[PDB]
Amino acid sequence: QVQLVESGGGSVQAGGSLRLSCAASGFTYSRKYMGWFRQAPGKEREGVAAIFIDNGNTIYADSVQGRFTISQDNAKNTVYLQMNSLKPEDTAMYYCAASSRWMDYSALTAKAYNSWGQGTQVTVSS
Amino acid sequence: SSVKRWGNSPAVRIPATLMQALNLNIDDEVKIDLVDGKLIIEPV
């Protein structure tokens, strides 16, 4: 429904912060919610944060709640993932996702999305 | 989505992402009203 482009990845020292961005294009008005997923080395991809476009409501995975926050700029059709107090375990490829439909799956799970970005790498040095 | 019969009563199922969007938990009280030809439902 929309093409997604992440940016902002990089290498950061443990304890530091990093801000990722995701720009959506295409049928941007069809977006119901967008979320960030990440795949750590050798592990399965997991949902980390989601934001509902209409009301800006947000939900987070236990692994990052309190440290990571997701926000948006609907004018620019973009969503951001602010990361504070990063730790080596947060090292992973971060993917942006979007859904044009109200799926009957948790917005923190992959089955709830139908558009996916290519991912941006975040590496946190011990 | 469609209106279905639950008991002998019309009902609409709400997908999980909509519950999360409104931070609604099962049994949460909601206000139902008719506005602009649309059925409006907002949490209490």
# chains A, B, ... in the order shown; residues from 1 in each chain; ligands from 1

$ closest_atom_pairs --of "range 11-82 of chain A" --to "range 88-106 of chain A" --cutoff "8 Å" --atoms "only C-alpha atoms" --output "Markdown table"
| residue | atom | partner | partner_atom | distance |
| --- | --- | --- | --- | --- |
| A:14 | CA | A:88 | CA | 6.2 |
| A:22 | CA | A:96 | CA | 6.3 |
| A:30 | CA | A:100 | CA | 5.0 |
| A:31 | CA | A:100 | CA | 4.6 |
| A:32 | CA | A:100 | CA | 5.4 |
| A:33 | CA | A:99 | CA | 5.7 |
| A:34 | CA | A:98 | CA | 4.2 |
| A:35 | CA | A:97 | CA | 5.2 |
| A:36 | CA | A:96 | CA | 4.7 |
| A:37 | CA | A:95 | CA | 5.0 |
| A:38 | CA | A:94 | CA | 4.3 |
| A:39 | CA | A:92 | CA | 5.1 |
| A:40 | CA | A:92 | CA | 4.1 |
| A:41 | CA | A:92 | CA | 6.5 |

$ write_last_selection --atoms "N, CA, C and O atoms" --output "PDB file, in the first residue's frame"
ATOM      1  N   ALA A  14      27.311   2.032  23.996  1.00  0.00           N
ATOM      2  CA  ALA A  14      26.307   1.600  24.954  1.00  0.00           C
ATOM      3  C   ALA A  14      25.973   2.763  25.886  1.00  0.00           C
ATOM      4  O   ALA A  14      26.868   3.476  26.345  1.00  0.00           O
ATOM      5  N   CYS A  22      11.378   6.811   9.425  1.00  0.00           N
ATOM      6  CA  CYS A  22      10.768   6.011   8.388  1.00  0.00           C
ATOM      7  C   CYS A  22       9.829   6.880   7.587  1.00  0.00           C
ATOM      8  O   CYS A  22       8.876   7.439   8.124  1.00  0.00           O
ATOM      9  N   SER A  30      -3.888   5.684   3.651  1.00  0.00           N
ATOM     10  CA  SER A  30      -4.476   4.387   3.971  1.00  0.00           C
ATOM     11  C   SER A  30      -3.862   3.797   5.241  1.00  0.00           C
ATOM     12  O   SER A  30      -4.344   2.796   5.763  1.00  0.00           O
ATOM     13  N   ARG A  31      -2.797   4.417   5.729  1.00  0.00           N
ATOM     14  CA  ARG A  31      -2.109   3.926   6.917  1.00  0.00           C
ATOM     15  C   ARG A  31      -2.955   3.949   8.188  1.00  0.00           C
ATOM     16  O   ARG A  31      -3.483   4.989   8.589  1.00  0.00           O
ATOM     17  N   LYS A  32      -3.091   2.788   8.815  1.00  0.00           N
ATOM     18  CA  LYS A  32      -3.849   2.693  10.050  1.00  0.00           C
ATOM     19  C   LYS A  32      -2.864   2.768  11.205  1.00  0.00           C
ATOM     20  O   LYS A  32      -3.087   3.463  12.185  1.00  0.00           O
ATOM     21  N   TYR A  33      -1.759   2.046  11.077  1.00  0.00           N
ATOM     22  CA  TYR A  33      -0.720   2.068  12.094  1.00  0.00           C
ATOM     23  C   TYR A  33       0.613   1.676  11.479  1.00  0.00           C
ATOM     24  O   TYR A  33       0.662   1.013  10.437  1.00  0.00           O
ATOM     25  N   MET A  34       1.692   2.128  12.103  1.00  0.00           N
ATOM     26  CA  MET A  34       3.028   1.811  11.640  1.00  0.00           C
ATOM     27  C   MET A  34       3.802   1.305  12.833  1.00  0.00           C
ATOM     28  O   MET A  34       3.493   1.645  13.972  1.00  0.00           O
ATOM     29  N   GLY A  35       4.784   0.456  12.581  1.00  0.00           N
ATOM     30  CA  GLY A  35       5.552  -0.051  13.693  1.00  0.00           C
ATOM     31  C   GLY A  35       6.989  -0.336  13.350  1.00  0.00           C
ATOM     32  O   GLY A  35       7.381  -0.348  12.190  1.00  0.00           O
ATOM     33  N   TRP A  36       7.785  -0.532  14.386  1.00  0.00           N
ATOM     34  CA  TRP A  36       9.183  -0.856  14.218  1.00  0.00           C
ATOM     35  C   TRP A  36       9.411  -2.270  14.717  1.00  0.00           C
ATOM     36  O   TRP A  36       8.935  -2.654  15.786  1.00  0.00           O
ATOM     37  N   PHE A  37      10.133  -3.030  13.906  1.00  0.00           N
ATOM     38  CA  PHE A  37      10.496  -4.403  14.193  1.00  0.00           C
ATOM     39  C   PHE A  37      12.007  -4.449  14.120  1.00  0.00           C
ATOM     40  O   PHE A  37      12.626  -3.607  13.470  1.00  0.00           O
ATOM     41  N   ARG A  38      12.612  -5.421  14.786  1.00  0.00           N
ATOM     42  CA  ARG A  38      14.059  -5.528  14.725  1.00  0.00           C
ATOM     43  C   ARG A  38      14.485  -6.979  14.729  1.00  0.00           C
ATOM     44  O   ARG A  38      13.798  -7.840  15.281  1.00  0.00           O
ATOM     45  N   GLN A  39      15.604  -7.256  14.076  1.00  0.00           N
ATOM     46  CA  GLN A  39      16.132  -8.608  14.068  1.00  0.00           C
ATOM     47  C   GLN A  39      17.555  -8.542  14.581  1.00  0.00           C
ATOM     48  O   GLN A  39      18.433  -7.928  13.958  1.00  0.00           O
ATOM     49  N   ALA A  40      17.770  -9.145  15.745  1.00  0.00           N
ATOM     50  CA  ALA A  40      19.090  -9.194  16.346  1.00  0.00           C
ATOM     51  C   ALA A  40      19.801 -10.367  15.675  1.00  0.00           C
ATOM     52  O   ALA A  40      19.146 -11.266  15.135  1.00  0.00           O
ATOM     53  N   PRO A  41      21.142 -10.379  15.699  1.00  0.00           N
ATOM     54  CA  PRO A  41      21.909 -11.460  15.083  1.00  0.00           C
ATOM     55  C   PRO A  41      21.433 -12.855  15.482  1.00  0.00           C
ATOM     56  O   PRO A  41      21.338 -13.174  16.671  1.00  0.00           O
TER      57      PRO A  41
END

$ closest_atom_pairs --of "chain B" --to "chain A" --cutoff "9 Å" --atoms "only C-alpha atoms" --output "CSV"
residue,atom,partner,partner_atom,distance
B:14,CA,A:104,CA,8.0
B:15,CA,A:104,CA,4.3
B:16,CA,A:104,CA,4.6
B:17,CA,A:102,CA,5.8
B:18,CA,A:102,CA,6.5
B:20,CA,A:106,CA,7.7
B:21,CA,A:52,CA,6.0
B:22,CA,A:57,CA,7.5
B:23,CA,A:57,CA,8.2

$ residues_around --residues "residue 2 in chain B" --least-positions-apart "2" --cutoff "12 Å" --atoms "only C-alpha atoms" --output "PyMOL selection string"
chain B and resi 4-5+10-14

$ atom_distance --atom1 "CA of residue 8 in chain A" --atom2 "CA of residue 81 in chain A"
9.5 Å

$ atom_distance --atom1 "CA of residue 21 in chain A" --atom2 "CA of residue 87 in chain A"
19.4 Å

$ select_by_dssp --residues "chain B" --states "strand (DSSP E or B)" --output "compact mmCIF listing (two decimals) with C-alpha atoms, in the first residue's frame"
# COMPACT_ATOMS: atom_id res chain seq x y z
CA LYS B 4 -23.68 -10.61 13.01
CA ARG B 5 -26.15 -12.20 15.40
CA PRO B 10 -26.89 -7.68 16.45
CA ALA B 11 -23.18 -7.26 17.11
CA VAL B 30 -18.08 2.67 25.89
CA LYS B 31 -20.43 5.42 24.72
CA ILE B 32 -22.32 4.57 21.54
CA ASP B 33 -23.99 7.31 19.52
CA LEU B 34 -25.12 8.22 16.01
CA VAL B 35 -23.25 11.09 14.36
CA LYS B 38 -22.12 6.93 11.46
CA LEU B 39 -22.13 4.84 14.61
CA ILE B 40 -19.64 6.42 17.02
CA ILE B 41 -18.03 4.45 19.84
CA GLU B 42 -15.73 6.07 22.36
CA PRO B 43 -14.26 4.65 25.59

$ residues_around --residues "residue 62 in chain A" --least-positions-apart "2" --cutoff "12 Å" --atoms "only C-alpha atoms" --output "PyMOL selection string"
chain A and resi 46-49+59-60+64-68+108

$ write_last_selection --atoms "N, CA, C and O atoms" --output "PDB file, in the first residue's frame"
ATOM      1  N   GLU A  46      11.356  -9.309  15.967  1.00  0.00           N
ATOM      2  CA  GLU A  46      10.345  -9.026  16.979  1.00  0.00           C
ATOM      3  C   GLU A  46       9.822  -7.597  16.860  1.00  0.00           C
ATOM      4  O   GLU A  46      10.559  -6.688  16.457  1.00  0.00           O
ATOM      5  N   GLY A  47       8.553  -7.404  17.203  1.00  0.00           N
ATOM      6  CA  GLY A  47       7.973  -6.074  17.150  1.00  0.00           C
ATOM      7  C   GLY A  47       8.450  -5.298  18.360  1.00  0.00           C
ATOM      8  O   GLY A  47       8.529  -5.856  19.457  1.00  0.00           O
ATOM      9  N   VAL A  48       8.775  -4.020  18.185  1.00  0.00           N
ATOM     10  CA  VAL A  48       9.255  -3.231  19.319  1.00  0.00           C
ATOM     11  C   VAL A  48       8.364  -2.044  19.685  1.00  0.00           C
ATOM     12  O   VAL A  48       8.229  -1.697  20.864  1.00  0.00           O
ATOM     13  N   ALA A  49       7.747  -1.430  18.682  1.00  0.00           N
ATOM     14  CA  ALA A  49       6.889  -0.280  18.925  1.00  0.00           C
ATOM     15  C   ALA A  49       5.905  -0.118  17.789  1.00  0.00           C
ATOM     16  O   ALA A  49       6.174  -0.515  16.663  1.00  0.00           O
ATOM     17  N   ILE A  59       2.161   1.798  21.577  1.00  0.00           N
ATOM     18  CA  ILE A  59       2.343   0.601  22.383  1.00  0.00           C
ATOM     19  C   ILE A  59       3.762   0.121  22.183  1.00  0.00           C
ATOM     20  O   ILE A  59       4.345   0.305  21.113  1.00  0.00           O
ATOM     21  N   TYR A  60       4.319  -0.490  23.221  1.00  0.00           N
ATOM     22  CA  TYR A  60       5.694  -0.954  23.180  1.00  0.00           C
ATOM     23  C   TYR A  60       5.908  -2.365  23.735  1.00  0.00           C
ATOM     24  O   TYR A  60       5.142  -2.841  24.569  1.00  0.00           O
ATOM     25  N   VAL A  64      11.675  -2.836  25.396  1.00  0.00           N
ATOM     26  CA  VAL A  64      12.121  -1.464  25.163  1.00  0.00           C
ATOM     27  C   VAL A  64      11.284  -0.380  25.822  1.00  0.00           C
ATOM     28  O   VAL A  64      11.689   0.786  25.828  1.00  0.00           O
ATOM     29  N   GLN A  65      10.133  -0.747  26.376  1.00  0.00           N
ATOM     30  CA  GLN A  65       9.271   0.259  26.977  1.00  0.00           C
ATOM     31  C   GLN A  65      10.011   1.091  28.002  1.00  0.00           C
ATOM     32  O   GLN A  65      10.736   0.565  28.852  1.00  0.00           O
ATOM     33  N   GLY A  66       9.843   2.407  27.895  1.00  0.00           N
ATOM     34  CA  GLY A  66      10.517   3.310  28.802  1.00  0.00           C
ATOM     35  C   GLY A  66      11.808   3.838  28.209  1.00  0.00           C
ATOM     36  O   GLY A  66      12.241   4.936  28.544  1.00  0.00           O
ATOM     37  N   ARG A  67      12.433   3.053  27.335  1.00  0.00           N
ATOM     38  CA  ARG A  67      13.687   3.468  26.713  1.00  0.00           C
ATOM     39  C   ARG A  67      13.495   3.947  25.273  1.00  0.00           C
ATOM     40  O   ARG A  67      14.159   4.888  24.833  1.00  0.00           O
ATOM     41  N   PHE A  68      12.610   3.274  24.549  1.00  0.00           N
ATOM     42  CA  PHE A  68      12.299   3.595  23.157  1.00  0.00           C
ATOM     43  C   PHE A  68      10.930   4.258  23.081  1.00  0.00           C
ATOM     44  O   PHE A  68       9.997   3.856  23.782  1.00  0.00           O
ATOM     45  N   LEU A 108       2.013  -5.357  17.503  1.00  0.00           N
ATOM     46  CA  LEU A 108       3.398  -5.605  17.850  1.00  0.00           C
ATOM     47  C   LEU A 108       3.846  -6.915  17.210  1.00  0.00           C
ATOM     48  O   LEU A 108       4.955  -7.389  17.464  1.00  0.00           O
TER      49      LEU A 108
END
